[PDB]
Amino acid sequence: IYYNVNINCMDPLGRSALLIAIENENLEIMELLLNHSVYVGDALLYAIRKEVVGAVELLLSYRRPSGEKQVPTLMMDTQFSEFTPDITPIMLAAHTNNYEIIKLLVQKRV
Amino acid sequence: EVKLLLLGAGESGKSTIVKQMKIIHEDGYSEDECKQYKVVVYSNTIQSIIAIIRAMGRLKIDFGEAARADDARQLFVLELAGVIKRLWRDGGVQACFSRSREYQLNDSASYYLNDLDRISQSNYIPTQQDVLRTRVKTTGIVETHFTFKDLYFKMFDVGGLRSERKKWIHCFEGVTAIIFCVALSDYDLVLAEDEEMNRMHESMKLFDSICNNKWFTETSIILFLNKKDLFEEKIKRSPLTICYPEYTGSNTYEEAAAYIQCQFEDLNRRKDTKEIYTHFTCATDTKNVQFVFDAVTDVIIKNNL
Amino acid sequence: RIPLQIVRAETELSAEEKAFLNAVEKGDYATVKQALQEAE
Ligand SMILES: Nc1nc2c(ncn2[C@@H]2O[C@H](COP(=O)(O)OP(=O)(O)OP(=O)(O)O)[C@@H](O)[C@H]2O)c(=O)[nH]1
């Protein structure tokens with residue numbers, strides 16, 4: 001209503017609100033930040049490295065429903081990525097050695 | 001190319017500036033286009049007198065004459081011209097009109113109601129000023145294209161109300177300039193969507209958002225302190241302290257206007273980095289808007305060299 | 001490229017069974033009691 005706060009704002013350490021929700025494993029705050037259409041770029045990599053099954057399930061399952069008018073336009077958040085740009089989610093899941101995330105990724109034709 | 005956003009709270013004058021970009025930069029509304037606004041003039045007139053009558057209950061105001069009670073019943077069901085005239089000229093109705101800050105009344109109400117004889121003729125064709133004075137809410141975006149000084153203006157009119165905010169985020173890409181409209185005459189008014197919210201504080205907090213947003217670091221920020229004509233009249237009867245309890249200046253146009261300008265310009269949190277280009281405007285005055293928009297265009301050219 | 005598939009068949013759990021196991025994992029007593037009472 002007021003446009004006061006950029007929801008995709010970063011911190012001094014390079015984490016966003018969604019990454020802070022993922023690191024603390026707050027599924028409620030994670031889904032609440034997802035419901036307002038925040039930026040979701042590379043958050044699945046942070047969830048896979050954190051080895052949270054519920055966060056990986058939420059990031060896999062929420063990206064499909066309720067996508068309307070592209071994404072809201074956002075600029076200059078995309079420079080800082082802890083994960084390398086060559087990395088893909090199945091490869092990082094293989095590096096993490098977690099079984100459930102690998103199974104959920106393999107089920108989706110990867 | 002110049003991407004130009006018209007922003008501001010509800011009823012601040014955005015779409016009226018858009019109407020002016022038609023006539024000022026182009027042949028403008030045709031008789032036939034004027035005729036299309038007749039039903040809007042009528043609706044604005046009828047809805048305005050209804051609003052005043054309705055408010056008389058909330059305000060504990062009686063009709064100057066008992067005979068108006070049946071005119072009021074007739075008005076709601078609906079000869080119509082006669083009924084509206086008698087109501088409008090009633091002393092109770094006029095007492096309520098005088099207190100319109102205590103309810104929600106269109107700015108052009110008295111404009112039309114005072115011209116009822118003219119607008120009620122069977123052959124009535126709205127004048128260009130009648131069109132400029134019309135009130136039609138603006139929901140969604142109104143992108144129109146115009147060319148000034150050979151610039152290809154891509155102009156975005158958007159809804160000023162808080163319900164219309166969702167559309168604003170999509171249009172923020174590549175904005176050369178924002179004209180942010182503020183109704184000067186709103187210090188004592190409350191929002192239609194929130195009657196515990198003063199309109200001028202709402203306009204400040206948005207301007208706090210829009211001026212300091214990181215999307216508009218390189219965008220030229222133009223402030224139209226609009227409805228200068230209405231403000232000039234109102235300031236002589238409604239004190240600025242309603243809005244700004246700390247104000248110790250005069251209730252005169254020049255001093256009170258200057259103070260409002262200062263309050264808005266103070267919201268800039270990057271004053272040693274960014275200008276606000278402020279103009280006092282009457283959006284319904286073609287000559288004024290042409291002069292101001294010319295000046296604005298010069299600022300935009302100079303800022304894109 | 002290299003295709004990848006589940007070589008050995010693990011049957012997928014239904015929505016109600018997955019919700020029941022998640023409720024048992026989170027320790028919510030009332031939801032597990034409601035599911036057990038609705039199971040029969
Ligand atoms: N006389 C006069 N009337 C004005 C002035 N500014 C606006 N109005 C009138 O007051 C109303 C406000 O103008 P609008 O174009 O509806 O304002 P807006 O900001 O576009 O409104 P939204 O549709 O809510 O965005 C209209 O009826 C205008 O004719 C002004 O400076 N002088």
# chains A, B, ... in the order shown; residues from 1 in each chain; ligands from 1
$ select_by_dssp --residues "chain A" --states "alpha helix (DSSP H)" --output "PyMOL selection string"
chain A and resi 17-23+27-35+43-50+53-62+89-96+99-106
$ residues_near_ligand --ligand "ligand 1" --cutoff "6 Å" --atoms "only C-alpha atoms and all ligand atoms" --output "ChimeraX atom specification"
/B:10-16,107-108,132-138,159-161,226-229,282-284
$ write_last_selection --atoms "C-alpha atoms" --output "compact mmCIF listing (two decimals), in the first residue's frame"
# COMPACT_ATOMS: atom_id res chain seq x y z
CA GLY B 10 -6.64 9.55 -4.85
CA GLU B 11 -8.22 12.70 -6.32
CA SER B 12 -4.94 14.61 -6.37
CA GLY B 13 -5.34 15.69 -10.03
CA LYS B 14 -3.40 13.05 -12.02
CA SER B 15 -5.96 12.30 -14.73
CA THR B 16 -6.71 16.02 -15.06
CA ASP B 107 -14.37 19.04 -5.63
CA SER B 108 -16.45 20.01 -8.71
CA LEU B 132 -11.71 18.97 -17.13
CA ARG B 133 -13.94 19.28 -14.03
CA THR B 134 -15.45 15.79 -14.35
CA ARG B 135 -14.70 13.13 -11.74
CA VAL B 136 -14.10 9.59 -13.00
CA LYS B 137 -12.08 7.27 -10.76
CA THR B 138 -8.94 5.87 -12.40
CA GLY B 159 -4.89 4.91 -9.58
CA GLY B 160 -4.12 7.13 -6.61
CA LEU B 161 -6.04 5.18 -3.97
CA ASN B 226 -2.13 21.15 -7.18
CA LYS B 227 -5.63 22.60 -6.63
CA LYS B 228 -4.04 25.98 -5.90
CA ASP B 229 -7.37 27.65 -6.79
CA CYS B 282 -4.27 24.40 -11.13
CA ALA B 283 -4.74 21.21 -13.22
CA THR B 284 -8.05 22.49 -14.63
$ closest_atom_pairs --of "chain B" --to "chain A" --cutoff "6 Å" --atoms "only C-alpha atoms" --output "Markdown table"
| residue | atom | partner | partner_atom | distance |
| --- | --- | --- | --- | --- |
| B:162 | CA | A:1 | CA | 5.4 |
| B:165 | CA | A:1 | CA | 5.4 |
| B:170 | CA | A:72 | CA | 6.0 |
| B:209 | CA | A:4 | CA | 5.3 |
$ write_last_selection --atoms "N, CA, C and O atoms" --output "PDB file, in the first residue's frame"
ATOM      1  N   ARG B 162      -5.289   3.676  -2.229  1.00  0.00           N
ATOM      2  CA  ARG B 162      -4.496   2.594  -1.653  1.00  0.00           C
ATOM      3  C   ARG B 162      -4.916   1.233  -2.190  1.00  0.00           C
ATOM      4  O   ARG B 162      -4.126   0.284  -2.164  1.00  0.00           O
ATOM      5  N   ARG B 165      -2.810   0.320  -5.323  1.00  0.00           N
ATOM      6  CA  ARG B 165      -1.330   0.330  -5.212  1.00  0.00           C
ATOM      7  C   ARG B 165      -0.680  -0.822  -5.980  1.00  0.00           C
ATOM      8  O   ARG B 165       0.430  -0.628  -6.505  1.00  0.00           O
ATOM      9  N   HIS B 170       4.608  -2.662 -11.145  1.00  0.00           N
ATOM     10  CA  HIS B 170       4.905  -3.134 -12.494  1.00  0.00           C
ATOM     11  C   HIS B 170       5.415  -2.023 -13.402  1.00  0.00           C
ATOM     12  O   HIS B 170       6.107  -2.310 -14.384  1.00  0.00           O
ATOM     13  N   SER B 209       7.728   7.679   0.390  1.00  0.00           N
ATOM     14  CA  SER B 209       8.071   6.455  -0.320  1.00  0.00           C
ATOM     15  C   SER B 209       8.643   6.747  -1.701  1.00  0.00           C
ATOM     16  O   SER B 209       9.697   6.219  -2.074  1.00  0.00           O
TER      17      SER B 209
END
$ residues_around --residues "stretch 11-28 of chain A" --least-positions-apart "6" --cutoff "7 Å" --atoms "only C-alpha atoms" --output "PyMOL selection string"
chain A and resi 43+47+55
$ write_last_selection --atoms "N, CA, C and O atoms" --output "PDB file, in the first residue's frame"
ATOM      1  N   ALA A  43      17.424 -19.457  -4.064  1.00  0.00           N
ATOM      2  CA  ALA A  43      17.087 -19.843  -2.699  1.00  0.00           C
ATOM      3  C   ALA A  43      17.015 -21.355  -2.548  1.00  0.00           C
ATOM      4  O   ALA A  43      17.239 -21.881  -1.448  1.00  0.00           O
ATOM      5  N   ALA A  47      18.594 -23.783   0.329  1.00  0.00           N
ATOM      6  CA  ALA A  47      17.810 -24.815   1.003  1.00  0.00           C
ATOM      7  C   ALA A  47      18.457 -26.190   0.861  1.00  0.00           C
ATOM      8  O   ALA A  47      18.455 -26.982   1.809  1.00  0.00           O
ATOM      9  N   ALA A  55      11.968 -27.155   3.523  1.00  0.00           N
ATOM     10  CA  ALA A  55      12.265 -25.969   2.726  1.00  0.00           C
ATOM     11  C   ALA A  55      12.418 -26.315   1.250  1.00  0.00           C
ATOM     12  O   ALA A  55      11.956 -25.568   0.379  1.00  0.00           O
TER      13      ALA A  55
END
$ residues_around --residues "residue C:35" --least-positions-apart "6" --cutoff "12 Å" --atoms "only C-alpha atoms" --output "list in words"
residues 16, 17, 18, 19, 20, 21, 22, 23, 24, 28 and 29 of chain C
$ interface_residues --of "chain C" --to "chain A" --cutoff "9 Å" --atoms "only C-alpha atoms" --output "PyMOL selection string"
chain C and resi 3-6
$ write_last_selection --atoms "N, CA and C atoms" --output "mmCIF file, in the first residue's frame"
data_model
loop_
_atom_site.group_PDB
_atom_site.id
_atom_site.type_symbol
_atom_site.label_atom_id
_atom_site.label_comp_id
_atom_site.auth_asym_id
_atom_site.auth_seq_id
_atom_site.Cartn_x
_atom_site.Cartn_y
_atom_site.Cartn_z
ATOM 1 N N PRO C 3 20.561 -39.049 -18.513
ATOM 2 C CA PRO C 3 19.270 -39.175 -17.830
ATOM 3 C C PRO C 3 19.424 -39.865 -16.484
ATOM 4 N N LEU C 4 18.589 -39.457 -15.533
ATOM 5 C CA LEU C 4 18.577 -40.025 -14.193
ATOM 6 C C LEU C 4 17.152 -40.410 -13.826
ATOM 7 N N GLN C 5 16.993 -41.605 -13.262
ATOM 8 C CA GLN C 5 15.683 -42.117 -12.895
ATOM 9 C C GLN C 5 15.809 -42.977 -11.649
ATOM 10 N N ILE C 6 14.693 -43.119 -10.937
ATOM 11 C CA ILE C 6 14.633 -43.993 -9.773
ATOM 12 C C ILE C 6 14.645 -45.435 -10.259
#
